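Pasting input_15.cif here (mmCIF, N, CA, C and O atoms):
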data_coords
loop_
_atom_site.label_atom_id
_atom_site.label_comp_id
_atom_site.auth_asym_id
_atom_site.auth_seq_id
_atom_site.Cartn_x
_atom_site.Cartn_y
_atom_site.Cartn_z
N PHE A 89 2.77 59.65 -34.59
CA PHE A 89 3.16 58.93 -33.38
C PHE A 89 4.68 58.88 -33.28
O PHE A 89 5.27 57.82 -33.13
N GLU A 90 5.33 60.04 -33.35
CA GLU A 90 6.77 60.12 -33.18
C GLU A 90 7.19 61.24 -32.25
O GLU A 90 8.35 61.24 -31.82
N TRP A 91 6.32 62.19 -31.94
CA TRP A 91 6.73 63.29 -31.09
C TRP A 91 7.36 62.74 -29.83
O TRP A 91 6.82 61.83 -29.20
N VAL A 92 8.53 63.26 -29.47
CA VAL A 92 9.26 62.76 -28.31
C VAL A 92 10.06 63.89 -27.70
O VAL A 92 10.91 64.48 -28.37
N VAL A 93 9.80 64.19 -26.43
CA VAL A 93 10.68 65.07 -25.68
C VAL A 93 12.03 64.39 -25.54
O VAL A 93 12.11 63.19 -25.28
N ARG A 94 13.10 65.16 -25.73
CA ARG A 94 14.45 64.62 -25.64
C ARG A 94 15.26 65.40 -24.62
O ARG A 94 14.95 66.55 -24.29
N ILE A 95 16.30 64.75 -24.12
CA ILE A 95 17.09 65.25 -23.00
C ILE A 95 18.55 65.19 -23.44
O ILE A 95 19.20 64.15 -23.32
N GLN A 96 19.08 66.31 -23.91
CA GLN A 96 20.44 66.34 -24.42
C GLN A 96 21.44 66.02 -23.32
O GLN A 96 21.23 66.34 -22.15
N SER A 97 22.53 65.38 -23.71
CA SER A 97 23.66 65.15 -22.81
C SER A 97 24.82 64.75 -23.69
O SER A 97 24.68 63.86 -24.53
N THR A 98 25.97 65.39 -23.50
CA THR A 98 27.09 65.25 -24.41
C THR A 98 28.33 64.78 -23.67
O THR A 98 28.42 64.85 -22.44
N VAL A 99 29.29 64.29 -24.44
CA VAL A 99 30.59 63.87 -23.92
C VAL A 99 31.67 64.57 -24.74
O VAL A 99 31.58 64.62 -25.97
N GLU A 100 32.67 65.10 -24.05
CA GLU A 100 33.84 65.65 -24.72
C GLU A 100 35.09 65.02 -24.14
O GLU A 100 35.29 65.05 -22.92
N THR A 101 35.90 64.44 -25.00
CA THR A 101 37.21 63.93 -24.62
C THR A 101 38.26 64.97 -24.94
O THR A 101 38.10 65.79 -25.84
N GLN A 102 39.35 64.93 -24.19
CA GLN A 102 40.37 65.96 -24.29
C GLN A 102 41.68 65.37 -23.83
O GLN A 102 41.75 64.75 -22.76
N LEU A 103 42.72 65.56 -24.64
CA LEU A 103 44.03 65.00 -24.37
C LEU A 103 45.02 65.63 -25.32
O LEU A 103 44.67 65.99 -26.44
N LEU A 104 46.30 65.69 -24.91
CA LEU A 104 47.41 66.23 -25.74
C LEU A 104 48.25 65.05 -26.23
O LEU A 104 48.43 64.10 -25.44
N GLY A 105 48.75 65.09 -27.47
CA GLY A 105 49.54 64.01 -28.08
C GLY A 105 48.96 63.58 -29.41
O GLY A 105 49.73 63.05 -30.25
N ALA A 106 47.66 63.79 -29.60
CA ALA A 106 46.90 63.46 -30.84
C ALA A 106 47.17 64.55 -31.89
O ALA A 106 47.64 65.64 -31.50
N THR A 107 46.87 64.27 -33.16
CA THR A 107 47.08 65.18 -34.31
C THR A 107 46.08 66.35 -34.27
O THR A 107 46.54 67.51 -34.17
N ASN A 108 44.78 66.06 -34.35
CA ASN A 108 43.69 67.08 -34.33
C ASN A 108 42.74 66.78 -33.16
O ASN A 108 42.86 65.69 -32.56
N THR A 109 41.83 67.71 -32.86
CA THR A 109 40.83 67.62 -31.77
C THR A 109 39.78 66.56 -32.12
O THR A 109 39.56 66.32 -33.32
N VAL A 110 39.15 65.97 -31.10
CA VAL A 110 38.11 64.91 -31.23
C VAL A 110 36.72 65.56 -31.20
O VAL A 110 36.46 66.29 -30.22
N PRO A 111 35.82 65.36 -32.19
CA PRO A 111 34.49 65.97 -32.12
C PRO A 111 33.66 65.32 -31.01
O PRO A 111 33.87 64.15 -30.73
N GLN A 112 32.72 66.07 -30.42
CA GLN A 112 31.89 65.61 -29.32
C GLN A 112 30.70 64.82 -29.83
O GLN A 112 30.23 65.03 -30.95
N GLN A 113 30.20 63.93 -28.99
CA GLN A 113 29.00 63.16 -29.28
C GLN A 113 27.84 63.64 -28.43
O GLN A 113 28.01 64.39 -27.46
N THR A 114 26.64 63.21 -28.80
CA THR A 114 25.41 63.64 -28.16
C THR A 114 24.66 62.40 -27.68
O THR A 114 23.94 61.76 -28.44
N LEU A 115 24.85 62.06 -26.41
CA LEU A 115 24.12 60.97 -25.77
C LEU A 115 22.85 61.55 -25.19
O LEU A 115 22.85 62.11 -24.09
N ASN A 116 21.74 61.41 -25.91
CA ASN A 116 20.47 62.00 -25.51
C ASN A 116 19.43 60.91 -25.30
O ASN A 116 19.39 59.92 -26.03
N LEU A 117 18.59 61.12 -24.30
CA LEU A 117 17.50 60.20 -23.96
C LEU A 117 16.20 60.74 -24.53
O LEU A 117 15.97 61.95 -24.55
N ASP A 118 15.34 59.84 -24.99
CA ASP A 118 14.09 60.21 -25.63
C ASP A 118 12.92 59.52 -24.94
O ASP A 118 13.08 58.48 -24.30
N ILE A 119 11.74 60.12 -25.07
CA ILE A 119 10.52 59.61 -24.45
C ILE A 119 9.40 59.61 -25.48
O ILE A 119 9.15 60.63 -26.12
N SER A 120 8.72 58.47 -25.62
CA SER A 120 7.85 58.27 -26.77
C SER A 120 6.69 59.26 -26.78
O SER A 120 6.44 59.92 -27.79
N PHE A 121 5.94 59.32 -25.69
CA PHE A 121 5.07 60.46 -25.43
C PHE A 121 3.84 60.55 -26.33
O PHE A 121 2.95 61.35 -26.06
N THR A 122 3.76 59.75 -27.39
CA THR A 122 2.55 59.74 -28.20
C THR A 122 1.94 58.36 -28.41
O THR A 122 0.72 58.19 -28.30
N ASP A 123 2.77 57.38 -28.74
CA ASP A 123 2.27 56.08 -29.16
C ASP A 123 1.60 55.34 -28.02
O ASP A 123 1.96 55.51 -26.85
N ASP A 124 0.62 54.50 -28.35
CA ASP A 124 -0.13 53.73 -27.38
C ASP A 124 0.38 52.29 -27.32
O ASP A 124 1.11 51.83 -28.19
N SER A 125 -0.02 51.58 -26.27
CA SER A 125 0.36 50.19 -26.11
C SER A 125 -0.44 49.62 -24.95
O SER A 125 -0.84 50.35 -24.04
N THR A 126 -0.66 48.31 -24.99
CA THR A 126 -1.32 47.61 -23.90
C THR A 126 -0.33 47.32 -22.78
O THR A 126 0.88 47.21 -23.01
N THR A 127 -0.84 47.20 -21.56
CA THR A 127 -0.01 46.85 -20.43
C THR A 127 -0.67 45.90 -19.44
O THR A 127 -0.04 45.57 -18.42
N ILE A 128 -1.89 45.45 -19.69
CA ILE A 128 -2.65 44.67 -18.73
C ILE A 128 -2.86 43.27 -19.30
O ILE A 128 -3.37 43.12 -20.42
N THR A 129 -2.45 42.26 -18.54
CA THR A 129 -2.58 40.87 -18.96
C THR A 129 -3.27 40.07 -17.86
O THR A 129 -3.14 40.40 -16.68
N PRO A 130 -3.99 39.01 -18.22
CA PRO A 130 -4.69 38.23 -17.20
C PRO A 130 -3.86 37.16 -16.52
O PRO A 130 -4.29 36.64 -15.49
N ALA A 131 -2.70 36.80 -17.06
CA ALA A 131 -1.89 35.76 -16.44
C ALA A 131 -1.44 36.19 -15.04
O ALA A 131 -1.56 37.34 -14.65
N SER A 132 -0.92 35.23 -14.29
CA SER A 132 -0.52 35.50 -12.92
C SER A 132 0.46 34.44 -12.44
O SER A 132 0.54 33.34 -13.00
N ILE A 133 1.21 34.79 -11.40
CA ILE A 133 2.07 33.86 -10.68
C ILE A 133 1.98 34.26 -9.21
O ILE A 133 1.41 35.31 -8.91
N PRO A 134 2.51 33.47 -8.27
CA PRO A 134 2.19 33.68 -6.85
C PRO A 134 2.18 35.13 -6.40
O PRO A 134 1.15 35.62 -5.91
N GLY A 135 3.29 35.83 -6.54
CA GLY A 135 3.37 37.20 -6.07
C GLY A 135 2.94 38.25 -7.06
O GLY A 135 3.03 39.44 -6.75
N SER A 136 2.46 37.86 -8.24
CA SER A 136 2.19 38.85 -9.28
C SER A 136 1.16 39.87 -8.81
O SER A 136 1.32 41.07 -9.04
N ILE A 137 0.09 39.40 -8.17
CA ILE A 137 -0.97 40.27 -7.69
C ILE A 137 -1.46 39.72 -6.36
O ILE A 137 -1.65 38.51 -6.21
N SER A 138 -1.69 40.61 -5.41
CA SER A 138 -2.14 40.22 -4.08
C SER A 138 -3.44 40.93 -3.76
O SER A 138 -3.73 42.01 -4.28
N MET A 139 -4.23 40.30 -2.89
CA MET A 139 -5.50 40.86 -2.45
C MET A 139 -5.29 41.56 -1.12
O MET A 139 -4.67 40.99 -0.20
N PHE B 89 69.81 67.98 -63.86
CA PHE B 89 70.34 66.99 -62.92
C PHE B 89 69.98 67.38 -61.50
O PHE B 89 70.83 67.47 -60.62
N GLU B 90 68.69 67.59 -61.25
CA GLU B 90 68.22 67.89 -59.90
C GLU B 90 66.98 67.09 -59.53
O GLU B 90 66.65 67.04 -58.34
N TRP B 91 66.29 66.48 -60.48
CA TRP B 91 65.08 65.75 -60.13
C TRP B 91 65.39 64.78 -59.01
O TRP B 91 66.38 64.05 -59.06
N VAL B 92 64.55 64.78 -57.98
CA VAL B 92 64.78 63.94 -56.81
C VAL B 92 63.45 63.57 -56.20
O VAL B 92 62.68 64.44 -55.79
N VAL B 93 63.18 62.27 -56.11
CA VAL B 93 62.06 61.79 -55.32
C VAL B 93 62.34 62.12 -53.86
O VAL B 93 63.47 61.96 -53.38
N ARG B 94 61.32 62.60 -53.15
CA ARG B 94 61.47 62.97 -51.76
C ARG B 94 60.45 62.22 -50.91
O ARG B 94 59.42 61.76 -51.39
N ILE B 95 60.77 62.10 -49.62
CA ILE B 95 60.03 61.28 -48.68
C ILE B 95 59.71 62.15 -47.48
O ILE B 95 60.53 62.30 -46.57
N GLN B 96 58.51 62.72 -47.46
CA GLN B 96 58.13 63.63 -46.39
C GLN B 96 58.12 62.92 -45.04
O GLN B 96 57.82 61.73 -44.95
N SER B 97 58.46 63.66 -44.00
CA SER B 97 58.33 63.18 -42.63
C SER B 97 58.44 64.40 -41.74
O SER B 97 59.38 65.19 -41.90
N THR B 98 57.51 64.56 -40.82
CA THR B 98 57.37 65.78 -40.04
C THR B 98 57.47 65.49 -38.55
O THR B 98 57.32 64.35 -38.10
N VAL B 99 57.71 66.55 -37.79
CA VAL B 99 57.73 66.49 -36.34
C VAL B 99 56.81 67.56 -35.80
O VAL B 99 56.83 68.70 -36.28
N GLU B 100 55.99 67.21 -34.82
CA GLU B 100 55.18 68.19 -34.12
C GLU B 100 55.42 68.06 -32.63
O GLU B 100 55.28 66.97 -32.07
N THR B 101 55.79 69.16 -32.00
CA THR B 101 55.91 69.23 -30.56
C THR B 101 54.64 69.83 -29.98
O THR B 101 53.94 70.60 -30.64
N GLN B 102 54.35 69.47 -28.74
CA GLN B 102 53.09 69.84 -28.13
C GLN B 102 53.28 69.84 -26.63
O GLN B 102 53.81 68.88 -26.06
N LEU B 103 52.85 70.93 -25.99
CA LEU B 103 53.02 71.11 -24.56
C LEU B 103 52.19 72.30 -24.14
O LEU B 103 51.99 73.24 -24.91
N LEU B 104 51.77 72.31 -22.87
CA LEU B 104 50.98 73.43 -22.27
C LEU B 104 51.91 74.21 -21.34
O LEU B 104 52.74 73.56 -20.67
N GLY B 105 51.79 75.54 -21.29
CA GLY B 105 52.65 76.42 -20.46
C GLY B 105 53.28 77.52 -21.30
O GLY B 105 53.61 78.58 -20.72
N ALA B 106 53.43 77.28 -22.60
CA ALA B 106 54.01 78.22 -23.59
C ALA B 106 52.93 79.25 -23.97
O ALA B 106 51.74 78.98 -23.72
N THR B 107 53.35 80.37 -24.57
CA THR B 107 52.46 81.48 -24.99
C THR B 107 51.61 81.08 -26.21
O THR B 107 50.37 81.08 -26.07
N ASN B 108 52.24 80.75 -27.34
CA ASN B 108 51.56 80.34 -28.59
C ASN B 108 52.05 78.95 -29.00
O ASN B 108 53.04 78.47 -28.41
N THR B 109 51.39 78.34 -29.99
CA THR B 109 51.70 76.99 -30.53
C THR B 109 53.02 77.04 -31.31
O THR B 109 53.36 78.12 -31.82
N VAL B 110 53.71 75.90 -31.40
CA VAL B 110 55.02 75.74 -32.10
C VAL B 110 54.76 75.24 -33.53
O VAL B 110 54.09 74.20 -33.66
N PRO B 111 55.25 75.90 -34.61
CA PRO B 111 55.02 75.39 -35.96
C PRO B 111 55.83 74.11 -36.19
O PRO B 111 56.88 73.96 -35.59
N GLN B 112 55.33 73.22 -37.05
CA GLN B 112 55.95 71.93 -37.33
C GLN B 112 57.05 72.07 -38.37
O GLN B 112 57.03 72.98 -39.20
N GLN B 113 58.00 71.15 -38.31
CA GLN B 113 59.09 71.09 -39.28
C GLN B 113 58.90 69.89 -40.20
O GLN B 113 58.09 69.00 -39.95
N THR B 114 59.66 69.89 -41.29
CA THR B 114 59.55 68.87 -42.33
C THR B 114 60.92 68.23 -42.51
O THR B 114 61.77 68.76 -43.24
N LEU B 115 61.14 67.10 -41.85
CA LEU B 115 62.36 66.32 -42.01
C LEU B 115 62.12 65.34 -43.15
O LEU B 115 61.54 64.27 -42.95
N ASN B 116 62.59 65.68 -44.34
CA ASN B 116 62.35 64.87 -45.53
C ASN B 116 63.67 64.39 -46.11
O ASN B 116 64.66 65.12 -46.11
N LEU B 117 63.66 63.16 -46.62
CA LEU B 117 64.81 62.55 -47.25
C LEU B 117 64.68 62.65 -48.76
O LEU B 117 63.57 62.54 -49.30
N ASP B 118 65.80 62.86 -49.44
CA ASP B 118 65.81 63.05 -50.88
C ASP B 118 66.75 62.05 -51.54
O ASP B 118 67.68 61.55 -50.91
N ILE B 119 66.51 61.78 -52.82
CA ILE B 119 67.30 60.82 -53.59
C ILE B 119 67.64 61.44 -54.93
O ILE B 119 66.76 61.93 -55.64
N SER B 120 68.93 61.41 -55.29
CA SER B 120 69.42 62.24 -56.39
C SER B 120 68.78 61.84 -57.71
O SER B 120 68.25 62.68 -58.44
N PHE B 121 68.87 60.56 -58.07
CA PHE B 121 68.00 59.99 -59.08
C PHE B 121 68.29 60.45 -60.51
O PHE B 121 67.75 59.87 -61.46
N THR B 122 69.13 61.46 -60.70
CA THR B 122 69.50 61.85 -62.06
C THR B 122 71.00 61.92 -62.30
O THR B 122 71.49 61.44 -63.33
N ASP B 123 71.74 62.54 -61.39
CA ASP B 123 73.14 62.84 -61.63
C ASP B 123 73.98 61.57 -61.67
O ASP B 123 73.67 60.58 -61.02
N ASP B 124 75.07 61.62 -62.45
CA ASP B 124 75.97 60.49 -62.61
C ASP B 124 77.21 60.66 -61.73
O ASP B 124 77.50 61.74 -61.22
N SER B 125 77.96 59.57 -61.57
CA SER B 125 79.19 59.61 -60.79
C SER B 125 79.90 58.29 -61.00
O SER B 125 79.27 57.27 -61.28
N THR B 126 81.22 58.31 -60.86
CA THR B 126 82.03 57.10 -60.93
C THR B 126 81.99 56.37 -59.59
O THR B 126 81.78 56.98 -58.54
N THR B 127 82.18 55.06 -59.64
CA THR B 127 82.25 54.26 -58.42
C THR B 127 83.29 53.16 -58.45
O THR B 127 83.39 52.41 -57.48
N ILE B 128 84.07 53.03 -59.52
CA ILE B 128 84.99 51.92 -59.70
C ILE B 128 86.41 52.46 -59.69
O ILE B 128 86.74 53.36 -60.47
N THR B 129 87.24 51.91 -58.81
CA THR B 129 88.62 52.33 -58.68
C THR B 129 89.53 51.11 -58.74
O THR B 129 89.13 50.02 -58.34
N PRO B 130 90.77 51.27 -59.22
CA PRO B 130 91.66 50.11 -59.33
C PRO B 130 92.43 49.79 -58.06
O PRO B 130 93.00 48.69 -57.99
N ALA B 131 92.48 50.68 -57.08
CA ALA B 131 93.24 50.39 -55.87
C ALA B 131 92.65 49.20 -55.13
O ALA B 131 91.55 48.73 -55.43
N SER B 132 93.39 48.69 -54.16
CA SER B 132 92.96 47.50 -53.43
C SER B 132 93.69 47.41 -52.11
O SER B 132 94.75 48.01 -51.92
N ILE B 133 93.11 46.64 -51.19
CA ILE B 133 93.74 46.28 -49.93
C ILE B 133 93.32 44.84 -49.66
O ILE B 133 92.44 44.33 -50.36
N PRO B 134 93.89 44.15 -48.66
CA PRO B 134 93.71 42.70 -48.56
C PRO B 134 92.30 42.19 -48.82
O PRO B 134 92.09 41.39 -49.73
N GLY B 135 91.33 42.65 -48.05
CA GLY B 135 89.97 42.17 -48.20
C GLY B 135 89.12 42.92 -49.18
O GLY B 135 87.94 42.61 -49.33
N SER B 136 89.67 43.91 -49.88
CA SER B 136 88.85 44.76 -50.73
C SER B 136 88.13 43.95 -51.79
O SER B 136 86.94 44.15 -52.04
N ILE B 137 88.83 43.02 -52.43
CA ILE B 137 88.26 42.19 -53.48
C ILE B 137 88.87 40.80 -53.36
O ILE B 137 90.07 40.66 -53.15
N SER B 138 88.03 39.78 -53.51
CA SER B 138 88.47 38.40 -53.39
C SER B 138 88.13 37.65 -54.66
O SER B 138 87.20 38.00 -55.38
N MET B 139 88.91 36.61 -54.93
CA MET B 139 88.70 35.76 -56.10
C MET B 139 87.91 34.54 -55.67
O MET B 139 88.24 33.89 -54.67
#

Represent the structure contained in this file as structure tokens.
Amino acid sequence: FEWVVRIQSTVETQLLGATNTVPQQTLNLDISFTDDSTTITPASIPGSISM
Amino acid sequence: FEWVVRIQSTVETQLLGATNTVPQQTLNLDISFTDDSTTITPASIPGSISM
């Protein structure tokens, strides 16, 4: 229960004046895609569910 | 009579528009630390030495 499609996305900074170059990071989004979970509850409030 | 502690210090220039990169220099200070020398003289002038 760990398989997850991922969506790579990176950031690179760039500027002159610094000693050496800055390594890039990887801001990636993940999706669980296997694990289960409940989502249905019996509680309610006025607008929670309408007929 | 040459041993000398040295104090490294460098300069790097950086700019875009030039053909190739500029190599850095090493502006370092040195201290003699071994050789001898006289420093005491008998001459004087008004404020040179006070009692």

For a quick test of understanding: name the residues of chain B lying within 9 Å of chain A when counting only C-alpha atoms, and present them as an mmCIF file with N, CA, C and O atoms, in the coordinates of the input.
data_model
loop_
_atom_site.group_PDB
_atom_site.id
_atom_site.type_symbol
_atom_site.label_atom_id
_atom_site.label_comp_id
_atom_site.auth_asym_id
_atom_site.auth_seq_id
_atom_site.Cartn_x
_atom_site.Cartn_y
_atom_site.Cartn_z
ATOM 1 N N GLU B 100 55.990 67.210 -34.820
ATOM 2 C CA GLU B 100 55.180 68.190 -34.120
ATOM 3 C C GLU B 100 55.420 68.060 -32.630
ATOM 4 O O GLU B 100 55.280 66.970 -32.070
ATOM 5 N N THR B 101 55.790 69.160 -32.000
ATOM 6 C CA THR B 101 55.910 69.230 -30.560
ATOM 7 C C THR B 101 54.640 69.830 -29.980
ATOM 8 O O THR B 101 53.940 70.600 -30.640
ATOM 9 N N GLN B 102 54.350 69.470 -28.740
ATOM 10 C CA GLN B 102 53.090 69.840 -28.130
ATOM 11 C C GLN B 102 53.280 69.840 -26.630
ATOM 12 O O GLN B 102 53.810 68.880 -26.060
ATOM 13 N N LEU B 103 52.850 70.930 -25.990
ATOM 14 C CA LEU B 103 53.020 71.110 -24.560
ATOM 15 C C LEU B 103 52.190 72.300 -24.140
ATOM 16 O O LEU B 103 51.990 73.240 -24.910
ATOM 17 N N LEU B 104 51.770 72.310 -22.870
ATOM 18 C CA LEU B 104 50.980 73.430 -22.270
ATOM 19 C C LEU B 104 51.910 74.210 -21.340
ATOM 20 O O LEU B 104 52.740 73.560 -20.670
#

**OP:** Please indicate the distance in Å from atom N of residue 95 of chain B to atom CA of residue 114 of chain B, rounded to one decimal place.
**Re:** 10.0 Å

Subject >> Residue contacts of residue 118 of chain B (7 Å, all atoms listed in the file) excluding same-chain residues fewer than 6 positions away, as a ChimeraX atom specification >> reply: /B:92-95

Please determine the residues with any atom at most 6 Å from (59.8, 72.6, -34.7) (coordinates as given in the file, with only N, CA, C and O atoms counting) and report them as a compact mmCIF listing (two decimals) with N, CA, C and O atoms, in the frame of the given file.
# COMPACT_ATOMS: atom_id res chain seq x y z
N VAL B 99 57.71 66.55 -37.79
CA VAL B 99 57.73 66.49 -36.34
C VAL B 99 56.81 67.56 -35.80
O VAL B 99 56.83 68.70 -36.28
N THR B 101 55.79 69.16 -32.00
CA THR B 101 55.91 69.23 -30.56
C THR B 101 54.64 69.83 -29.98
O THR B 101 53.94 70.60 -30.64
N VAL B 110 53.71 75.90 -31.40
CA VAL B 110 55.02 75.74 -32.10
C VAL B 110 54.76 75.24 -33.53
O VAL B 110 54.09 74.20 -33.66
N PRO B 111 55.25 75.90 -34.61
CA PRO B 111 55.02 75.39 -35.96
C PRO B 111 55.83 74.11 -36.19
O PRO B 111 56.88 73.96 -35.59
N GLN B 112 55.33 73.22 -37.05
CA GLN B 112 55.95 71.93 -37.33
C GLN B 112 57.05 72.07 -38.37
O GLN B 112 57.03 72.98 -39.20
N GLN B 113 58.00 71.15 -38.31
CA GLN B 113 59.09 71.09 -39.28
C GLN B 113 58.90 69.89 -40.20
O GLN B 113 58.09 69.00 -39.95

Subject >> Between atom C of residue 98 of chain A and atom CA of residue 117 of chain A - distance in Å to one decimal >> reply: 11.8 Å

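Coordinates place atom CA of residue 91 of chain B at a distance of 14.9 Å from atom CA of residue 116 of chain B.
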
**OP:** Would you kindly return, as a VMD selection string, each protein, DNA or RNA residue with an atom no farther than 7 Å from any atom of residue 90 of chain A, considering only N, CA, C and O atoms and excluding same-chain residues fewer than 4 positions away?
**Re:** chain A and resid 119 to 123

Original post:
Which residues in chain B does DSSP call strand (DSSP E)? List them as a PyMOL selection string.
Top reply: chain B and resi 93-95+98-99+113-114+117-119
